[PDB]
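Quick one: the structure is below, and I'll ask about it shortly.
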Amino acid sequence: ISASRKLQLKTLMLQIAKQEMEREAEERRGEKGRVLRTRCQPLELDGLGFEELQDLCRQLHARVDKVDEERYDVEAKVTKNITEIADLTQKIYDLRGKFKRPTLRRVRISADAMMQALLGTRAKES
Amino acid sequence: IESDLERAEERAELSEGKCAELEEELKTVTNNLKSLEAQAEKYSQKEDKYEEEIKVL
Amino acid sequence: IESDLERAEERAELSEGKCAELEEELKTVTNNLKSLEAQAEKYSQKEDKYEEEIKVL
Amino acid sequence: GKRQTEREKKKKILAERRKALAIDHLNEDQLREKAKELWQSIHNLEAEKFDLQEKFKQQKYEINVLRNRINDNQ
Amino acid sequence: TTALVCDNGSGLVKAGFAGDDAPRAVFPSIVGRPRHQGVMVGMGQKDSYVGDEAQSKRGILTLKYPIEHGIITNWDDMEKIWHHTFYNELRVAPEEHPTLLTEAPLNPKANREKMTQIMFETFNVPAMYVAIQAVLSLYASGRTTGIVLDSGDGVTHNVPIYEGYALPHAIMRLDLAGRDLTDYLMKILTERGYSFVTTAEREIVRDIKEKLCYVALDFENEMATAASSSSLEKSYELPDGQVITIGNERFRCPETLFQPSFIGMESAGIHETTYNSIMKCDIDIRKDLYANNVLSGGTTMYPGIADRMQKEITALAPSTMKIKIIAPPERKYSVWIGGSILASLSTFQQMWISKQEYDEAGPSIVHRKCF
Amino acid sequence: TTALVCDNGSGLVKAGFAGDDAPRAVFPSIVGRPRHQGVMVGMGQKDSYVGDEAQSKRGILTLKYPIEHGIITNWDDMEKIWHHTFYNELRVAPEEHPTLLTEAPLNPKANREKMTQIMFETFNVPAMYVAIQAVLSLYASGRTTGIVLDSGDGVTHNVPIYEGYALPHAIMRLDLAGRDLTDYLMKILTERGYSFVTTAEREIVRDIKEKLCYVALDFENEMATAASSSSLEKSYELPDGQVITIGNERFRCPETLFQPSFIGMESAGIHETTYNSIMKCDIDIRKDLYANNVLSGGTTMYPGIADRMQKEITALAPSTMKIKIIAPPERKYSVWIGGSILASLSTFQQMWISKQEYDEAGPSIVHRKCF
Amino acid sequence: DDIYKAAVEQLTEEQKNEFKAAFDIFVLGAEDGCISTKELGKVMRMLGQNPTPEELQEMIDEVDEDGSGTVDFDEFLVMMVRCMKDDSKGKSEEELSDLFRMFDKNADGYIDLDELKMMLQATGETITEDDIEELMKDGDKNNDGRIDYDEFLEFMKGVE
């Protein structure tokens, strides 16, 4: 009905979508904690002499280097993906830019400034 | 601009009608071609048998 | 009205492109039909000749 | 040339990431502390890799969206 | 800070800050010294009235344009015009503002180098950039292809562009423009008895041309009609009375554009140099150039030119191609609007010729990478 | 997982997943850098348009094929083409898919070794296999014998096969193909006045050749008929109008296949190199090869070639043998359909060149048992 | 923009009563009783500044966009908050991309009728099927049942 009414409705829709995205982030962080506790085999460090501790630490470093390599490869892939996303965003913008340059004129005085100039200080909202 | 738009839309309608007719023709000719392909295969089998009998004779 | 004209133009262009493609397809398939019909006629003649050869031999 | 150089650089970077693990001069308590360090490092790598998975999936989705927008442009 | 989008032009200087819709100050570019003696003492008489002030005291001045055909022939007067434009019409010191001049295609190098040297030494701007007057007019239309015919007051040039790649071998620059039409109108008015000779009366003839002349759709039919009926004779009141009646001089003055043989020029009209400029382009971008022909510049404001030109090109061009002529209502300021848009871009912000660069390579920097 | 059946070809790259009927993405293999200067800023102009994108902006590009005659002459451009094919036309990362390239017979070794080295190092595929372009075309016909004439766009080769045993001493590779026919057509069009020179206009001449040219059943009779009547002159509309009329250039362009003396080549036509390829085979499999002559490749799509070739071979061959020419309607994609069938086989699943094998023997693994 | 209305949110239409009183202080004597704001701004200008009625046209056009021709008090509020915009564009367009991803749980890159319908149902907004189709075509500009990122931005353009 009213333009302000539809704008308020869109604002409420934005709030709903923001809450749903916050719910998504909460799910993401919870699953992050779950998977981090699951994948990482605990520190079973009870009643061990020196030598088995050395063996365990060496195998830990080996697996650390392995997973570092895996995460490094995934990071390279993600960098490639984001570079592609940026380049194709530029491509789409080239397909959908051009005229979209902001044709804005400074002869348009801000209403608050005009109100203050004409009325001194009795334009307190604006 | 309005006159040009009207003429363009009329052209588009005519082209759509032509496309429908072409689709009909294509399907009909495709069916006929399949039938004649089967006929030619029968011809080939007949020729094979005749050739074999000629060799035997 | 200018936006309307642009939409009409693009619709007409797409329709004409499809029409051209259908024309090409029909041409090809009709040529195939003609060739196969000629082959079938020759095959009937060859079959009659082969039967005559069978009888005489 | 460069692809072979890419492999060489990759494996050298991984080797640099391999830290000199030395515990033979440490008491077994220090050994357990080092093991805790190694497990925490592996946990960090797991978290980083999972975040990379999530962001990679996000990037794939945005790539699909870009393809759809291109289809609209076509 | 904001950039100053100046546009020297030849006949009207148009300037204003980047990012607006219309130039802030538009005024003729004439500098006129007084010519009589002067007897009143203490009247405060200056030695040179520039800009719009000399269009009000033109009765006792000798106005002389400092820009003949795109090129600048009198550097002191041009410096005076720029100084006036910066200090009195915009009131912004140039020490704190980048500038974006405009220049016609195929102009002498020395003109451009002197322009940049003046802007960097006298006015001492932070950074200035020179752009071709047709690319801006293509910016303003919001296109990215098209062949633009920018018939100014000094020189008419026709730059074809495709997909952002300008075609330097297809620029056809012709020196017939509004000034020659003013002179030809002033020359054919003498056939009825009205003689305008003084350089001040050239302004009156220019006003007559602007307010009355129009381009005929078909020339011979109009010549036949104006010679039988009297439905065309429109009258006009001089600055002192004594109304005048213009007969078939109305459509004969701007017809010179399509038949430059009237003023003795050999070349072909603006209807055929566009087709020639198109035909020099490659065979695969001719359809797009045919469909996106752009008009700009002041002189293309004659009532009825966007139809005559389309009829002529349709006669010349192959029958299948569609010929469309883009004639925006804001034709006169199209170049300046495009200049504002270009100066407002973020991608363009690193193309300015910074002052330290000029200090290292001299004025010849303009021909280098920073074009 | 599924295998990627790529097929480099020369003129059209055809690719798609194994197990389908038609290639998913078919696009010309051309990489064209822009050649003009470019004045619009921020237009997003790339440095090289590849594939089907450069067939729409060809008005301001300089298209150049990266594959001349089967062999690859410009490895960087070929790598660019492959990267485009994998990432934008199929959108499947190559890290998770085997690939099955195709290669003409009798090609230089270095080409094949470089191809496998690229596929294993840059794109990092799991396993790739290279197959001869004629065996696949024999797969697609569902035969197991027959002599296949695969007249592509780069090179025409004629591989005879019997009972699955290829005859390596009877392969007759001839370098006349569609590209030379395009050049010859472009050269004989000049006899009427139409001059095509630019590398972009070669595409227009190719379109003319595809849409109008046909192979004459008898050459002299057609030359006599076209010189008296005018029932052959078919017209065609250029990309800008100005229709052209092709007379006896229609059947003279593809006649070069049967008389390579037209373009100065010494060798005999495709009608006689097939008979020579047959006669090199053993005396007991000549009847089967006569009866199962297979046509493939794009250039064998001329209307009326399957009759001219049969007439010629029947003239050459002994009178008793039956000459039959298999010309499936899906001729153009025959090689790729055969490639899909071969990649979909279970028996073939252990012939791929696994990556660990390449790591142990280097790129020279392709010439070894894994052919 | 939003600050002015928010600080006047607890108050009723009497803001417009004060606006009318202030106009009567300058431009008393309205004839239409309908939308006419060029006159008051022009009278403000005539006090000595540079003439510019383009601002008057902008402000008098910012009110009527619904296409029904009406200019409500709420439309006046929209015009006032839109003549100077501070917290606009729904803040971050990255958040817009996140919300579009939330819409496309199928990750297909096209928001369908089902996606928008379920999003509205989650918001639960009661909009008529006429307005439902209106908003759809606001999103689905080409009206093909699919909405890409650009169409979603168009639909949520100026939405915060």
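So that you can tell them apart, the chains are marked A, B, C, D, E, F and G in the order they are listed, and the count of residues begins at 1 in each.
Keep this in mind: a contact is a pair of C-beta atoms (placed from the backbone, for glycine too) under 8 Å apart; a residue touches a chain by one contact, two chains touch by 3 or more.
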Smallest count of steps, each to a touching chain, taking chain B to chain E:
3
By number of C-beta contact pairs, the top two chains:
A-D
What whole-number Å value describes the gap between the mean CA coordinates of chain D and chain G?
47
Distance between chain centroids, defined by C-alpha means - chain C, chain F (Å)
24
Could you grab the centroid distance between chain C and chain E? Build each centroid from C-alpha atoms only and quote it in angstrom.
61
Where does chain G touch two or more other chains at once, residue-wise?
54, 150
Numbers and ranges of chain E residues touching at least 2 other chains:
21, 144, 345
Find every residue in chain D that makes contact with two or more other chains and list them.
60, 62-63, 66-67, 69
Could you list, by residue number, the parts of chain D that touch chain G in their complex?
58, 60-62, 64-69, 72
Residue positions on chain D within touch of chain A in the complex are 10, 13-14, 17-19, 21, 23-24, 27-28, 31-32, 34-36, 38-39, 41-43, 45-56, 59-60, 62-63, 66, 69-70, 73
Residue numbers on chain D that touch chain F, as the complex places them:
3-4, 7, 63, 67
In the complex, chain C touches chain F at residues 28, 31-32, 35
Enumerate the contact residues on chain C facing chain B in the complex.
1-2, 4-5, 8-9, 11-12, 15-16, 18-19, 22-23, 25-26, 29-30, 32-33, 36-37, 39-40, 43-44, 46-47, 50-51, 53-54, 57
